[PDB]
Amino acid sequence: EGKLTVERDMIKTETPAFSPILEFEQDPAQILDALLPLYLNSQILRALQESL
Amino acid sequence: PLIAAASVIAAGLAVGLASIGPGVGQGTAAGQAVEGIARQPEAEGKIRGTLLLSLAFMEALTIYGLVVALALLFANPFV
């Protein structure tokens, strides 16, 4: 009405499950071992941004 | 004469032993071919242009085999 306030957005990101073929250049294990550190870094930067 | 008999069994084993290679060849070729067409159907012009260009060389191998086996069976100098 008049003040400053924060309002959340609980947006749910739709996921196209797979590409029509979805080739791998790597193995199914190496890709996860190289991907989950990336999501770890993303979550750490989010826990710094929202904390800040 | 036994020479014609040897020539006949020769031609038989010749056309037989010929196509084991070419068979598995065309096989793995066409297998990876269709599994690649699954990945990208919009390349089929030169897909065929390369597929046929390899199957032509394989069929060249085995027509070489068959035609030699016939050259033994048909009019031949040693018989």
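Residues numbered from 1 in each chain as written, not as in the entry; some residues may be left out. Chains lettered and ligands numbered in written order. Part of a larger assembly, values for the part shown. Heavy atoms only, no water.

- Regarding how it was determined, this PDB entry cites cryo-EM in its header, along with a resolution of 4.16 Å.

## Side note on the overall build of chain B
Phase 1: Looking only at helices and strands, chain B features 3 helices and 0 strands.
Phase 2: Along chain B, helices and strands appear, N-terminal first, in the series α-α-α.
Phase 3: In summary, chain B has a C-alpha radius of gyration of 18 Å against a globular reference of 12 Å for 79 residues, an excess of more than 25%.
Phase 4: C-alpha atoms of chain B, sized along the principal axes, occupy 60 × 20 × 10 Å.
Phase 5: Counting only residues that meet the buried cut, chain B has 11% of its 79 residues in that class.
Phase 6: Split by element, the accessible area of chain B, about 5,800 Å² in all, is 74% carbon and sulfur. (Helix = DSSP H or I, 4+ residues; strand = E, 2+ residues; numbered from the N terminus. Rg over C-alpha atoms; globule rule 2.2 N^0.38 Å. Buried < 20%, exposed > 50% of the residue type's maximum accessible area, 1.4 Å probe, protein only. Areas by Shrake-Rupley, 256 points an atom, 1.4 Å probe, with all protein chains shown as cover.)

## Some words on the environment of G12 of chain B
Residues and elements named next belong to chain B.
Phase 1: Here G12 shows up in helix α1 (residues 2–18).
Phase 2: The class of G12 is partly exposed, set by a relative accessible area of 41%.
Phase 3: Linking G12 and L66, residues 54 residues apart in sequence, is a C-alpha distance of 9.6 Å.

## Points about the pattern of salt bridges
Phase 1: Per the stated rule, a full pass over the model turns up 2 salt bridges over all chains.
Phase 2: Residue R46 of chain A pairs with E50 of chain A through a salt bridge whose shortest N-O separation is 3.4 Å.
Phase 3: A salt bridge links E35 of chain B to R39 of chain B; the shortest N-O distance between them is 2.7 Å. In this pair, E35 of chain B and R39 of chain B are both assigned in helix α2 (residues 20–39), 4 residues apart and thus about one turn of the helix distant.
Phase 4: The class for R39 of chain B is partly exposed, based on a relative accessible area of 34%. (Salt bridge = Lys/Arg side-chain N within 4 Å of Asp/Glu carboxyl O.)

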